[PDB]
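Source file: work04.csv (CSV, C-alpha atoms and all ligand atoms)
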chain,number,residue,atom,x,y,z
Q,1,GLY,CA,-8.0,-11.4,6.3
Q,2,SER,CA,-11.7,-10.5,6.0
Q,3,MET,CA,-10.3,-7.3,4.4
Q,4,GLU,CA,-8.6,-9.4,1.7
Q,5,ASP,CA,-12.0,-11.0,1.0
Q,6,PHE,CA,-13.7,-7.6,1.0
Q,7,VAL,CA,-11.2,-6.3,-1.6
Q,8,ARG,CA,-11.7,-9.3,-3.9
Q,9,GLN,CA,-15.5,-9.0,-3.7
Q,10,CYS,CA,-15.7,-5.1,-3.9
Q,11,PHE,CA,-13.3,-4.2,-6.7
Q,12,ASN,CA,-13.2,-5.3,-10.4
Q,13,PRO,CA,-10.5,-8.0,-11.0
Q,14,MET,CA,-8.5,-5.7,-13.3
Q,15,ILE,CA,-8.1,-3.3,-10.4
Q,16,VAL,CA,-7.3,-6.0,-7.9
Q,17,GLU,CA,-4.7,-7.6,-10.1
Q,18,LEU,CA,-3.0,-4.2,-10.7
Q,19,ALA,CA,-2.9,-3.5,-7.0
Q,20,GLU,CA,-1.4,-6.9,-6.2
Q,21,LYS,CA,1.4,-6.4,-8.7
Q,22,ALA,CA,2.0,-2.8,-7.6
Q,23,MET,CA,2.5,-3.9,-4.0
Q,24,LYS,CA,4.7,-6.8,-4.8
Q,25,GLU,CA,7.0,-4.4,-6.7
Q,26,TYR,CA,7.6,-2.7,-3.4
Q,27,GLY,CA,8.2,-5.9,-1.5
Q,28,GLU,CA,4.7,-5.8,0.2
Q,29,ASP,CA,2.3,-8.8,0.3
Q,30,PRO,CA,-1.4,-8.1,-0.5
Q,31,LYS,CA,-2.3,-11.0,1.8
Q,32,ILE,CA,-0.6,-9.3,4.8
Q,33,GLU,CA,-0.9,-5.6,4.3
Q,34,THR,CA,-4.6,-5.9,3.5
Q,35,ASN,CA,-5.5,-2.3,4.4
Q,36,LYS,CA,-2.8,-1.0,2.0
Q,37,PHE,CA,-4.3,-3.4,-0.5
Q,38,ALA,CA,-7.7,-1.9,-0.1
Q,39,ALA,CA,-6.4,1.7,-0.2
Q,40,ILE,CA,-4.5,1.1,-3.5
Q,41,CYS,CA,-7.5,-0.5,-5.0
Q,42,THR,CA,-9.7,2.5,-4.1
Q,43,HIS,CA,-7.3,5.0,-5.4
Q,44,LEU,CA,-7.0,3.2,-8.8
Q,45,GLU,CA,-10.8,3.0,-9.0
Q,46,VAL,CA,-11.1,6.7,-8.4
Q,47,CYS,CA,-8.5,7.4,-11.1
Q,48,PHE,CA,-10.6,5.3,-13.6
Q,49,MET,CA,-13.9,7.0,-12.5
Q,50,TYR,CA,-12.4,10.4,-12.7
Q,51,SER,CA,-11.0,9.7,-16.2
Q,52,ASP,CA,-14.6,8.8,-17.3
Q,53,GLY,CA,-16.2,11.9,-15.8
Q,54,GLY,CA,-15.9,14.4,-18.7
Q,55,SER,CA,-15.9,14.1,-22.5
Q,56,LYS,CA,-14.8,10.9,-24.3
Q,57,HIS,CA,-10.9,10.8,-24.2
Q,58,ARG,CA,-10.6,14.2,-22.3
Q,59,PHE,CA,-8.1,12.4,-19.9
Q,60,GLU,CA,-5.0,10.3,-20.4
Q,61,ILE,CA,-4.7,7.8,-17.5
Q,62,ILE,CA,-1.1,7.6,-16.2
Q,63,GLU,CA,-1.8,5.7,-12.8
Q,64,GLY,CA,-1.9,2.0,-13.2
Q,65,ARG,CA,0.4,1.9,-16.4
Q,66,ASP,CA,3.8,0.1,-16.2
Q,67,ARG,CA,6.6,2.6,-15.8
Q,68,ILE,CA,7.9,2.6,-19.4
Q,69,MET,CA,4.3,3.3,-20.8
Q,70,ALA,CA,3.6,5.9,-18.1
Q,71,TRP,CA,6.7,7.9,-18.9
Q,72,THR,CA,6.0,7.4,-22.6
Q,73,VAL,CA,2.6,9.1,-22.1
Q,74,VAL,CA,4.2,11.9,-19.9
Q,75,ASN,CA,7.3,12.6,-22.1
Q,76,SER,CA,5.1,12.5,-25.2
Q,77,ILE,CA,2.7,15.1,-23.6
Q,78,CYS,CA,5.4,17.4,-22.4
Q,79,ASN,CA,6.9,17.2,-25.9
Q,80,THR,CA,3.7,17.9,-27.8
Q,81,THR,CA,2.5,20.7,-25.4
Q,82,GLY,CA,5.7,22.1,-24.0
Q,83,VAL,CA,4.2,21.6,-20.5
Q,84,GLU,CA,6.9,21.0,-17.8
Q,85,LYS,CA,8.0,17.3,-17.2
Q,86,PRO,CA,7.2,16.2,-13.6
Q,87,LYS,CA,9.8,14.6,-11.3
Q,88,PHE,CA,7.2,11.9,-10.3
Q,89,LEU,CA,4.5,10.2,-12.3
Q,90,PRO,CA,1.1,11.9,-11.9
Q,91,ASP,CA,-2.2,10.2,-12.1
Q,92,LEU,CA,-3.8,11.7,-15.2
Q,93,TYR,CA,-3.4,14.4,-17.9
Q,94,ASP,CA,-6.3,16.8,-18.7
Q,95,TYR,CA,-6.3,17.7,-22.4
Q,96,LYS,CA,-9.0,20.3,-21.9
Q,97,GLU,CA,-7.1,22.3,-19.2
Q,98,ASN,CA,-3.7,21.2,-20.4
Q,99,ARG,CA,-2.3,20.1,-17.1
Q,100,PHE,CA,-1.4,16.9,-15.2
Q,101,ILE,CA,-3.5,15.9,-12.3
Q,102,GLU,CA,-2.5,14.2,-9.0
Q,103,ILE,CA,-5.5,12.4,-7.3
Q,104,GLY,CA,-5.5,11.9,-3.6
Q,105,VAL,CA,-7.8,9.6,-1.6
Q,106,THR,CA,-7.7,9.9,2.1
Q,107,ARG,CA,-9.3,8.6,5.3
Q,108,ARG,CA,-8.0,11.7,7.2
Q,109,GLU,CA,-8.7,15.3,6.7
Q,110,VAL,CA,-8.4,16.5,3.0
Q,111,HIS,CA,-6.4,19.7,3.9
Q,112,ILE,CA,-3.7,17.7,5.5
Q,113,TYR,CA,-3.3,15.3,2.5
Q,114,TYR,CA,-3.6,18.3,0.1
Q,115,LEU,CA,-0.5,19.9,1.7
Q,116,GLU,CA,1.5,16.7,1.8
Q,117,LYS,CA,0.9,16.2,-2.0
Q,118,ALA,CA,1.5,19.9,-2.7
Q,119,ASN,CA,4.9,20.0,-1.0
Q,120,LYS,CA,6.0,16.6,-2.5
Q,121,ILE,CA,5.0,17.6,-6.0
Q,122,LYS,CA,7.5,20.5,-6.6
Q,123,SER,CA,6.0,20.9,-10.2
Q,124,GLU,CA,4.2,24.3,-10.1
Q,125,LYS,CA,1.7,23.3,-12.9
Q,126,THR,CA,0.3,19.9,-11.8
Q,127,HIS,CA,-3.3,20.1,-10.4
Q,128,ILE,CA,-4.1,18.3,-7.1
Q,129,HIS,CA,-7.6,16.9,-6.4
Q,130,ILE,CA,-8.2,15.1,-3.0
Q,131,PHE,CA,-11.2,13.0,-2.0
Q,132,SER,CA,-12.2,11.7,1.4
Q,133,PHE,CA,-14.4,8.7,2.2
Q,134,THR,CA,-16.9,11.0,4.0
Q,135,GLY,CA,-17.7,13.1,1.0
Q,136,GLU,CA,-15.2,16.0,1.2
Q,137,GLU,CA,-13.1,17.2,-1.7
Q,138,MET,CA,-10.3,19.7,-2.2
Q,139,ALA,CA,-8.6,20.9,-5.4
Q,140,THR,CA,-6.0,23.3,-6.5
Q,141,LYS,CA,-7.3,26.9,-6.7
Q,142,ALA,CA,-10.7,25.4,-5.8
Q,143,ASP,CA,-11.0,24.2,-9.4
Q,144,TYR,CA,-12.6,20.8,-9.3
Q,145,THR,CA,-12.1,20.0,-13.0
Q,146,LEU,CA,-15.2,17.8,-13.4
Q,147,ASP,CA,-18.9,18.7,-13.1
Q,148,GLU,CA,-20.8,18.2,-9.8
Q,149,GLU,CA,-22.5,15.0,-10.9
Q,150,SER,CA,-19.3,13.2,-11.8
Q,151,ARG,CA,-17.7,14.2,-8.6
Q,152,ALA,CA,-20.8,13.1,-6.7
Q,153,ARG,CA,-20.5,9.6,-8.3
Q,154,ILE,CA,-16.9,9.3,-6.8
Q,155,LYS,CA,-17.9,10.7,-3.5
Q,156,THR,CA,-20.8,8.3,-3.2
Q,157,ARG,CA,-18.7,5.3,-4.3
Q,158,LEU,CA,-16.2,6.2,-1.6
Q,159,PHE,CA,-19.0,6.6,1.0
Q,160,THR,CA,-20.5,3.2,0.0
Q,161,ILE,CA,-17.1,1.6,0.3
Q,162,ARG,CA,-16.6,3.0,3.8
Q,163,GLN,CA,-20.2,1.8,4.8
Q,164,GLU,CA,-19.5,-1.6,3.4
Q,165,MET,CA,-16.3,-1.9,5.4
Q,166,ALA,CA,-18.1,-0.6,8.5
Q,167,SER,CA,-20.8,-3.3,8.0
Q,168,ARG,CA,-18.1,-5.9,8.2
Q,169,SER,CA,-16.2,-4.3,11.1
Q,170,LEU,CA,-13.1,-3.5,8.9
Q,171,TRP,CA,-13.5,0.3,8.8
Q,172,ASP,CA,-11.9,1.1,12.1
Q,173,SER,CA,-8.6,-0.6,11.4
Q,174,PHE,CA,-8.6,0.7,7.8
Q,175,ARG,CA,-9.0,4.3,8.9
Q,176,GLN,CA,-6.3,4.1,11.6
Q,177,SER,CA,-3.8,2.3,9.4
Q,178,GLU,CA,-3.4,5.4,7.1
Q,179,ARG,CA,0.1,6.9,7.9
O,1,LIG,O1,0.7,1.3,-6.3
O,1,LIG,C1,0.8,2.1,-5.4
O,1,LIG,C2,0.4,3.3,-5.5
O,1,LIG,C3,0.6,4.3,-4.5
O,1,LIG,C4,0.0,5.6,-4.5
O,1,LIG,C5,-0.4,6.2,-3.3
O,1,LIG,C6,-1.0,7.4,-3.3
O,1,LIG,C7,-1.2,8.1,-4.5
O,1,LIG,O2,-1.8,9.3,-4.6
O,1,LIG,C8,-0.8,7.5,-5.7
O,1,LIG,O3,-0.9,8.1,-6.9
O,1,LIG,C9,-0.2,6.3,-5.7
O,1,LIG,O4,1.2,4.0,-3.3
O,1,LIG,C10,1.5,2.7,-3.0
O,1,LIG,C11,2.1,2.4,-1.8
O,1,LIG,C12,2.6,1.1,-1.5
O,1,LIG,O5,3.1,0.9,-0.3
O,1,LIG,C13,2.4,0.1,-2.5
O,1,LIG,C14,1.9,0.4,-3.7
O,1,LIG,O6,1.7,-0.6,-4.6
O,1,LIG,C15,1.4,1.7,-4.0
O,2,MG,MG,-0.2,8.0,-8.9
O,3,MN,MN,-2.5,9.8,-6.6
For this file, write the structure as structure tokens.
Ligand SMILES: O=c1cc(-c2ccc(O)c(O)c2)oc2cc(O)cc(O)c12
Ligand SMILES: [Mg+2]
Ligand SMILES: [Mn+2]
Amino acid sequence: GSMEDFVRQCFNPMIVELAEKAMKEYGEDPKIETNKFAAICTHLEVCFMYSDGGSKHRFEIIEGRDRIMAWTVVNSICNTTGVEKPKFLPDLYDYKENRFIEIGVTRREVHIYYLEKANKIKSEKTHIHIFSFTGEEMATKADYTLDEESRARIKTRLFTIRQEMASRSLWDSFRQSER
């Protein structure tokens, strides 16, 4: 309710519109599952920030793209690099390291979400990078891909979001709602 308002105020309209569409495609109503709505918005925002954290066009964004375009990007990349085709769409491709990236944002402990992602992925080559809202991070082989300053920007954004939700008394419900 107030969470819906929070989302519409806190996130850029491009992000919010994407999230609304994404949820509706799974039969979920943004105006009802408002915690899910915020979580989806945050994860997308983190994918965009992450993609801007290195050199100009170091990263292809895959999250947020319609399915056809996403798989176009992915098949194309596996075709031009010989890198293995994932079973599920990842979040980005790193041109410098030549590997796909799965981004996780979690309210819980990072190690728990890291393991869930890892054992869902199956693809031996896709890098995993997990962020929490309380400034923790965890990445495959402890390789964090970006420099400390770019990661600090994400971590601080996430902290500010959590503080803002707390300010409005939404943080408790948000945190507990993660399944
Ligand atoms: O767009 C959605 C995106 C995702 C999602 C969740 C975690 C990830 O690490 C990720 O890369 C994507 O999960 C959802 C879960 C939903 O219930 C509805 C949605 O629209 C989404
Ligand atoms: Mg994704
Ligand atoms: Mn992800």
Report task. Step by step, measure atom-to-atom distances between ligand LIG 1 (chain O) and each residue using all atoms listed in the file, keep those at most 6 Å, then write them as a ChimeraX atom specification. Result -> /Q:19,22-23,26,40,91,103-104
Which protein, DNA or RNA residues have an atom within 9 Å of ligand MN 3 (chain O), counting all atoms listed in the file, as a PDB file with C-alpha atoms, keeping the file's coordinate frame?
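Here's the written file result-v5.pdb:
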ATOM      1  CA  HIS Q  43      -7.300   5.000  -5.400  1.00  0.00           C
ATOM      2  CA  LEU Q  44      -7.000   3.200  -8.800  1.00  0.00           C
ATOM      3  CA  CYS Q  47      -8.500   7.400 -11.100  1.00  0.00           C
ATOM      4  CA  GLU Q  63      -1.800   5.700 -12.800  1.00  0.00           C
ATOM      5  CA  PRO Q  90       1.100  11.900 -11.900  1.00  0.00           C
ATOM      6  CA  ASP Q  91      -2.200  10.200 -12.100  1.00  0.00           C
ATOM      7  CA  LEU Q  92      -3.800  11.700 -15.200  1.00  0.00           C
ATOM      8  CA  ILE Q 101      -3.500  15.900 -12.300  1.00  0.00           C
ATOM      9  CA  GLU Q 102      -2.500  14.200  -9.000  1.00  0.00           C
ATOM     10  CA  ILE Q 103      -5.500  12.400  -7.300  1.00  0.00           C
ATOM     11  CA  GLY Q 104      -5.500  11.900  -3.600  1.00  0.00           C
ATOM     12  CA  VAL Q 105      -7.800   9.600  -1.600  1.00  0.00           C
ATOM     13  CA  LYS Q 117       0.900  16.200  -2.000  1.00  0.00           C
ATOM     14  CA  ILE Q 128      -4.100  18.300  -7.100  1.00  0.00           C
ATOM     15  CA  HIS Q 129      -7.600  16.900  -6.400  1.00  0.00           C
ATOM     16  CA  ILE Q 130      -8.200  15.100  -3.000  1.00  0.00           C
TER      17      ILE Q 130
END
Report task. Using atom CA of residue 156 of chain Q and atom CA of residue 168 of chain Q as the two end points, give the distance in Å to one decimal. Result -> 18.4 Å
Requested in this report: Might you pull out every residue within 10 Å of residue 86 of chain Q, with all atoms listed in the file counted and same-chain residues fewer than 3 positions away left off, and present them as a VMD selection string?
Outcome: chain Q and resid 71 74 to 75 78 83 89 to 90 100 121 to 126
Query raised in the report: What is the atom CA of residue 120 of chain Q-atom CA of residue 69 of chain Q distance in Å, reported with one decimal?
Result: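 Value for the atom CA of residue 120 of chain Q-atom CA of residue 69 of chain Q distance: 22.7 Å.
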Report task. Figure out the distance between atom CA of residue 111 of chain Q and atom CA of residue 10 of chain Q, please, to one decimal in Å. Result ->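 Answer for the atom CA of residue 10 of chain Q to atom CA of residue 111 of chain Q separation: 27.6 Å.
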Residues within 12 Å of segment 158-160 of chain Q, please, as a PDB file with C-alpha atoms, in the coordinates of the input. Count all atoms listed in the file; anything in the same chain fewer than 2 positions from it doesn't count.
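Once everything was written out, this is around.pdb:
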ATOM      1  CA  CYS Q  10     -15.700  -5.100  -3.900  1.00  0.00           C
ATOM      2  CA  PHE Q  11     -13.300  -4.200  -6.700  1.00  0.00           C
ATOM      3  CA  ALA Q  38      -7.700  -1.900  -0.100  1.00  0.00           C
ATOM      4  CA  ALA Q  39      -6.400   1.700  -0.200  1.00  0.00           C
ATOM      5  CA  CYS Q  41      -7.500  -0.500  -5.000  1.00  0.00           C
ATOM      6  CA  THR Q  42      -9.700   2.500  -4.100  1.00  0.00           C
ATOM      7  CA  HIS Q  43      -7.300   5.000  -5.400  1.00  0.00           C
ATOM      8  CA  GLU Q  45     -10.800   3.000  -9.000  1.00  0.00           C
ATOM      9  CA  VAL Q  46     -11.100   6.700  -8.400  1.00  0.00           C
ATOM     10  CA  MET Q  49     -13.900   7.000 -12.500  1.00  0.00           C
ATOM     11  CA  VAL Q 105      -7.800   9.600  -1.600  1.00  0.00           C
ATOM     12  CA  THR Q 106      -7.700   9.900   2.100  1.00  0.00           C
ATOM     13  CA  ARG Q 107      -9.300   8.600   5.300  1.00  0.00           C
ATOM     14  CA  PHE Q 131     -11.200  13.000  -2.000  1.00  0.00           C
ATOM     15  CA  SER Q 132     -12.200  11.700   1.400  1.00  0.00           C
ATOM     16  CA  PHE Q 133     -14.400   8.700   2.200  1.00  0.00           C
ATOM     17  CA  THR Q 134     -16.900  11.000   4.000  1.00  0.00           C
ATOM     18  CA  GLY Q 135     -17.700  13.100   1.000  1.00  0.00           C
ATOM     19  CA  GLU Q 136     -15.200  16.000   1.200  1.00  0.00           C
ATOM     20  CA  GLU Q 137     -13.100  17.200  -1.700  1.00  0.00           C
ATOM     21  CA  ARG Q 151     -17.700  14.200  -8.600  1.00  0.00           C
ATOM     22  CA  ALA Q 152     -20.800  13.100  -6.700  1.00  0.00           C
ATOM     23  CA  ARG Q 153     -20.500   9.600  -8.300  1.00  0.00           C
ATOM     24  CA  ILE Q 154     -16.900   9.300  -6.800  1.00  0.00           C
ATOM     25  CA  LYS Q 155     -17.900  10.700  -3.500  1.00  0.00           C
ATOM     26  CA  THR Q 156     -20.800   8.300  -3.200  1.00  0.00           C
ATOM     27  CA  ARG Q 162     -16.600   3.000   3.800  1.00  0.00           C
ATOM     28  CA  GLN Q 163     -20.200   1.800   4.800  1.00  0.00           C
ATOM     29  CA  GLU Q 164     -19.500  -1.600   3.400  1.00  0.00           C
ATOM     30  CA  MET Q 165     -16.300  -1.900   5.400  1.00  0.00           C
ATOM     31  CA  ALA Q 166     -18.100  -0.600   8.500  1.00  0.00           C
ATOM     32  CA  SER Q 167     -20.800  -3.300   8.000  1.00  0.00           C
ATOM     33  CA  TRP Q 171     -13.500   0.300   8.800  1.00  0.00           C
TER      34      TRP Q 171
END
Query - Nearest candidate to ligand MG 2 (chain O) (options Q:52, Q:17, Q:66, Q:29; using all atoms listed in the file) - result: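 Under the stated criterion, the closest residue is Q:66.
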All file atoms of segment 112-126 of chain Q boxed axis-aligned, 4 Å per side, centre plus edges, as lines of an AutoDock Vina configuration file:
center_x = 1.9
center_y = 19.8
center_z = -3.7
size_x = 19.2
size_y = 17.0
size_z = 26.4
Query - Using all atoms listed in the file: which of Q:85, Q:96, Q:21, Q:67 has the shortest distance to ligand MG 2 (chain O) - result: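 Closest to ligand MG 2 (chain O), using all atoms listed in the file: Q:67.
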Query raised in the report: With only C-alpha atoms and all ligand atoms as the basis for distance, which of Q:25, Q:93, Q:138, Q:62 is at the shortest distance from ligand MG 2 (chain O)?
Result: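 Closest to ligand MG 2 (chain O), using only C-alpha atoms and all ligand atoms: Q:62.
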Requested in this report: Can you work out which one of Q:32, Q:116, Q:65, Q:2 has the shortest atom-to-atom distance to ligand MG 2 (chain O), counting only C-alpha atoms and all ligand atoms?
Outcome: Q:65
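Using all atoms listed in the file, the shortest contact distance between ligand MG 2 (chain O) and any of Q:76, Q:4, Q:48, Q:140 is found at Q:48.
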Query raised in the report: Pick from Q:149, Q:172, Q:94, Q:178: nearest to residue 33 of chain Q, with only C-alpha atoms counted?
Result: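 Among Q:149, Q:172, Q:94, Q:178, it is Q:178 that comes nearest to residue 33 of chain Q.
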Kindly output segment 20-51 of chain Q as a PDB file, in the frame of the given file, after building N, CA and C atoms.
ATOM      1  N   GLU Q  20      -2.231  -5.775  -6.621  1.00  0.00           N
ATOM      2  CA  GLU Q  20      -1.400  -6.900  -6.200  1.00  0.00           C
ATOM      3  C   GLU Q  20       0.028  -6.759  -6.737  1.00  0.00           C
ATOM      4  N   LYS Q  21       0.117  -6.555  -8.031  1.00  0.00           N
ATOM      5  CA  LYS Q  21       1.400  -6.400  -8.700  1.00  0.00           C
ATOM      6  C   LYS Q  21       2.123  -5.145  -8.150  1.00  0.00           C
ATOM      7  N   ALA Q  22       1.421  -4.030  -8.022  1.00  0.00           N
ATOM      8  CA  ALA Q  22       2.000  -2.800  -7.600  1.00  0.00           C
ATOM      9  C   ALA Q  22       2.686  -2.993  -6.223  1.00  0.00           C
ATOM     10  N   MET Q  23       1.969  -3.600  -5.279  1.00  0.00           N
ATOM     11  CA  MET Q  23       2.500  -3.900  -4.000  1.00  0.00           C
ATOM     12  C   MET Q  23       3.674  -4.790  -3.923  1.00  0.00           C
ATOM     13  N   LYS Q  24       3.625  -5.827  -4.741  1.00  0.00           N
ATOM     14  CA  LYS Q  24       4.700  -6.800  -4.800  1.00  0.00           C
ATOM     15  C   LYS Q  24       6.002  -6.172  -5.299  1.00  0.00           C
ATOM     16  N   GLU Q  25       5.860  -5.220  -6.202  1.00  0.00           N
ATOM     17  CA  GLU Q  25       7.000  -4.400  -6.700  1.00  0.00           C
ATOM     18  C   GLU Q  25       7.685  -3.609  -5.638  1.00  0.00           C
ATOM     19  N   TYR Q  26       7.051  -3.418  -4.486  1.00  0.00           N
ATOM     20  CA  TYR Q  26       7.600  -2.700  -3.400  1.00  0.00           C
ATOM     21  C   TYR Q  26       7.932  -3.650  -2.266  1.00  0.00           C
ATOM     22  N   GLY Q  27       7.852  -4.954  -2.517  1.00  0.00           N
ATOM     23  CA  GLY Q  27       8.200  -5.900  -1.500  1.00  0.00           C
ATOM     24  C   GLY Q  27       7.077  -6.182  -0.466  1.00  0.00           C
ATOM     25  N   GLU Q  28       5.849  -5.731  -0.761  1.00  0.00           N
ATOM     26  CA  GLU Q  28       4.700  -5.800   0.200  1.00  0.00           C
ATOM     27  C   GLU Q  28       3.777  -6.886  -0.304  1.00  0.00           C
ATOM     28  N   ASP Q  29       3.196  -7.606   0.642  1.00  0.00           N
ATOM     29  CA  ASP Q  29       2.300  -8.800   0.300  1.00  0.00           C
ATOM     30  C   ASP Q  29       0.890  -8.313   0.536  1.00  0.00           C
ATOM     31  N   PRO Q  30       0.077  -8.353  -0.532  1.00  0.00           N
ATOM     32  CA  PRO Q  30      -1.400  -8.100  -0.500  1.00  0.00           C
ATOM     33  C   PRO Q  30      -2.087  -8.877   0.629  1.00  0.00           C
ATOM     34  N   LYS Q  31      -1.686 -10.128   0.821  1.00  0.00           N
ATOM     35  CA  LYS Q  31      -2.300 -11.000   1.800  1.00  0.00           C
ATOM     36  C   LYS Q  31      -1.954 -10.684   3.233  1.00  0.00           C
ATOM     37  N   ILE Q  32      -1.030  -9.737   3.436  1.00  0.00           N
ATOM     38  CA  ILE Q  32      -0.600  -9.300   4.800  1.00  0.00           C
ATOM     39  C   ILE Q  32      -0.914  -7.855   5.048  1.00  0.00           C
ATOM     40  N   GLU Q  33      -0.561  -6.954   4.147  1.00  0.00           N
ATOM     41  CA  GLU Q  33      -0.900  -5.600   4.300  1.00  0.00           C
ATOM     42  C   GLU Q  33      -2.259  -5.287   3.536  1.00  0.00           C
ATOM     43  N   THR Q  34      -3.307  -5.897   4.078  1.00  0.00           N
ATOM     44  CA  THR Q  34      -4.600  -5.900   3.500  1.00  0.00           C
ATOM     45  C   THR Q  34      -5.282  -4.511   3.455  1.00  0.00           C
ATOM     46  N   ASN Q  35      -4.903  -3.631   4.388  1.00  0.00           N
ATOM     47  CA  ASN Q  35      -5.500  -2.300   4.400  1.00  0.00           C
ATOM     48  C   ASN Q  35      -4.845  -1.410   3.308  1.00  0.00           C
ATOM     49  N   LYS Q  36      -3.529  -1.500   3.171  1.00  0.00           N
ATOM     50  CA  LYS Q  36      -2.800  -1.000   2.000  1.00  0.00           C
ATOM     51  C   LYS Q  36      -3.408  -1.473   0.706  1.00  0.00           C
ATOM     52  N   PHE Q  37      -3.652  -2.767   0.633  1.00  0.00           N
ATOM     53  CA  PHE Q  37      -4.300  -3.400  -0.500  1.00  0.00           C
ATOM     54  C   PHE Q  37      -5.599  -2.754  -0.909  1.00  0.00           C
ATOM     55  N   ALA Q  38      -6.475  -2.590   0.077  1.00  0.00           N
ATOM     56  CA  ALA Q  38      -7.700  -1.900  -0.100  1.00  0.00           C
ATOM     57  C   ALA Q  38      -7.526  -0.424  -0.540  1.00  0.00           C
ATOM     58  N   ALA Q  39      -6.602   0.263   0.094  1.00  0.00           N
ATOM     59  CA  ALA Q  39      -6.400   1.700  -0.200  1.00  0.00           C
ATOM     60  C   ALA Q  39      -5.923   1.866  -1.676  1.00  0.00           C
ATOM     61  N   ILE Q  40      -5.046   0.973  -2.115  1.00  0.00           N
ATOM     62  CA  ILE Q  40      -4.500   1.100  -3.500  1.00  0.00           C
ATOM     63  C   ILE Q  40      -5.597   0.785  -4.468  1.00  0.00           C
ATOM     64  N   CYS Q  41      -6.407  -0.220  -4.167  1.00  0.00           N
ATOM     65  CA  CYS Q  41      -7.500  -0.500  -5.000  1.00  0.00           C
ATOM     66  C   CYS Q  41      -8.490   0.648  -5.193  1.00  0.00           C
ATOM     67  N   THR Q  42      -8.733   1.356  -4.095  1.00  0.00           N
ATOM     68  CA  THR Q  42      -9.700   2.500  -4.100  1.00  0.00           C
ATOM     69  C   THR Q  42      -9.172   3.613  -4.914  1.00  0.00           C
ATOM     70  N   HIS Q  43      -7.886   3.949  -4.696  1.00  0.00           N
ATOM     71  CA  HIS Q  43      -7.300   5.000  -5.400  1.00  0.00           C
ATOM     72  C   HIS Q  43      -7.272   4.795  -6.938  1.00  0.00           C
ATOM     73  N   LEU Q  44      -6.920   3.597  -7.341  1.00  0.00           N
ATOM     74  CA  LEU Q  44      -7.000   3.200  -8.800  1.00  0.00           C
ATOM     75  C   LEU Q  44      -8.413   3.348  -9.342  1.00  0.00           C
ATOM     76  N   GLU Q  45      -9.382   2.837  -8.600  1.00  0.00           N
ATOM     77  CA  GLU Q  45     -10.800   3.000  -9.000  1.00  0.00           C
ATOM     78  C   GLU Q  45     -11.222   4.367  -9.181  1.00  0.00           C
ATOM     79  N   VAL Q  46     -10.823   5.224  -8.243  1.00  0.00           N
ATOM     80  CA  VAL Q  46     -11.100   6.700  -8.400  1.00  0.00           C
ATOM     81  C   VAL Q  46     -10.416   7.302  -9.589  1.00  0.00           C
ATOM     82  N   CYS Q  47      -9.149   6.986  -9.855  1.00  0.00           N
ATOM     83  CA  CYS Q  47      -8.500   7.400 -11.100  1.00  0.00           C
ATOM     84  C   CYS Q  47      -9.318   7.038 -12.369  1.00  0.00           C
ATOM     85  N   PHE Q  48      -9.768   5.792 -12.449  1.00  0.00           N
ATOM     86  CA  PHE Q  48     -10.600   5.300 -13.600  1.00  0.00           C
ATOM     87  C   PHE Q  48     -11.931   6.061 -13.710  1.00  0.00           C
ATOM     88  N   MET Q  49     -12.707   6.072 -12.620  1.00  0.00           N
ATOM     89  CA  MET Q  49     -13.900   7.000 -12.500  1.00  0.00           C
ATOM     90  C   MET Q  49     -13.688   8.389 -12.931  1.00  0.00           C
ATOM     91  N   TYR Q  50     -12.621   8.986 -12.424  1.00  0.00           N
ATOM     92  CA  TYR Q  50     -12.400  10.400 -12.700  1.00  0.00           C
ATOM     93  C   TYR Q  50     -12.122  10.596 -14.230  1.00  0.00           C
ATOM     94  N   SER Q  51     -11.376   9.663 -14.825  1.00  0.00           N
ATOM     95  CA  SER Q  51     -11.000   9.700 -16.200  1.00  0.00           C
ATOM     96  C   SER Q  51     -12.261   9.559 -17.125  1.00  0.00           C
TER      97      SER Q  51
END
